[PDB]
Each structure stands twice: as structure tokens, then as C-alpha cells.
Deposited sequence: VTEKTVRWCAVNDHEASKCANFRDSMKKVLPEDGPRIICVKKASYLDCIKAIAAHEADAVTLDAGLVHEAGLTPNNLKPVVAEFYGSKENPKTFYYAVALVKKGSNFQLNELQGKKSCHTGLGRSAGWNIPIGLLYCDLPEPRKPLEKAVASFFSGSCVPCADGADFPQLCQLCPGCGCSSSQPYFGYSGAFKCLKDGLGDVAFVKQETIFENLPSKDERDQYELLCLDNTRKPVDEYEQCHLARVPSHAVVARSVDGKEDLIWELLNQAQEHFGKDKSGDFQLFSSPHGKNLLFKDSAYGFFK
């Protein structure tokens, strides 16, 4: 199994993932090969091209990855709540800054932050919520959305890279993932950051600073970031790892993943550690993950 690492920081974690498993997995056990590819769909073409074997995509990404004449399929899925009460999904939430007296109503001429183009909480869900209203010339969605906010950081797009000129993927700073959309909000975003619900607590273990932001709700109202089950834009399926439909290394892939979660799972400090890393935030898997269901 040749895991596809999306650029430098991920490449580094993969490197870590590689050698530890080499210390645990039988005198063989998959024993990975870190393939690096600047972007995710880059990793998609790589897998299909038989250049790679796997990657963990957002579920909006798992979707477009099923596109064409034979594209990939989900094989392993992460499950976010506990070990006690797993859970195969999360919530999209619109995170904003306390006191910007604007509601989901008036996103109007505001600047916003996203995770990336075509992801669940970062784009699919908020735009779904938002068009109709979006400028008629709704030709391109990207273009009515350009036309509708007035500053945005939508990584991996191409325009709306006004807050992260170039719209890159992970070596992008005040932009890119969850992590980075939220960083976009901490300065720069007309207090709109479309994330996941577990994002503020990842970044902020301080209640006081966390009392500095709120959520935007359908029920046209702002609320404390602690009660997101009551203010959350929508529910979303969950990140899965895709492997080719035919001839992928499915059972191998799950062989890897399932033994690498026993060592290196949620509760353990095996130098390695699956669901967190020093090279930054959500590399190879999401930090919020707890494990893997098949």
C-alpha cells in the first residue's frame, strides 16, 4: 500500500506512519510507500492511474471521485464520537465572531472562509443553503458565489482566493482545511468560517477565547458554539478512504488501517499516533477521528 500524501506536511506524517508500522506489522504486513501529490484529485488521478492506492477524502470529495468511467470507491470510513458511541458523521456549522450582528440572512456582502472547493461543511452545504439568492448569472456556481460574497478563501479553487491568493492546499496558511478556515476567521473573514463543529475546540482549549465566537442557525439566530446540535447548518457523512473499484488493494488497505489503529489509535502515545501529528493539524486522517469502520 502506497498511500497518497498531499504535499510536504502530509508527506512527513506519512513518513512517520511508515516506519512505526514497520516496527509492528508482521515481517511484511502491507508496509506502505508514501506517494506525494500536491492536490487531492491529483491523488485521485494517481490511484486510477495506478500510481497510488489510497487517500482519505471528504465525503463531497468521495463523491466526485466516483465520477468518470470507472473511478474509485470508499473502502474505509472514520468514526468520530467515541469508542463508546462511535458515530459516522458530523455537522457543518457557520462559525462567526460574537457581535457582528449579522445572521445567516445577511451573509450578503460579507467575506467568508472555507475548507475547500467541493467539501461537505466547507462548500456543498453552505452554498446549497445559499443559492437561489445567489446572483442569477448563476452560470458557474463559483462565479455567482464570487459575485455574492466580496472576499473569500476557497482553497483548491479557480476569483475567490482573495484571502489566500492562489487558493492552495495545506502549505496554505490563513486558508486551506478546517483548521485554516478557522484561521481565516481569526482575522480576515467577515466572521464567516464554514467548518465542522469540533473545530473551535480543536484550536481552542480556552473557554474565554471561545466565548468570542458564535454559530449561525437556520432559525435565523446566533448561538453559543457549545450547542451546535441546535445550531448546525447540516449533517454530513464522514471521511472515507477510497481505493479503486477494481483491482484496488481493498482488503490490504483495510488490513493496514485496522492494525495501525490498535497501535497508534485514539488513546495512545506511540511516538506515531494516527489521529494527530507535529507537522500540523488534519494530515492523512482527521484529528477528530476515533477510528475506522469498514
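The chain's deposited sequence has unresolved stretches at 1 to 5, 164 to 168, with no C-alpha coordinates there.
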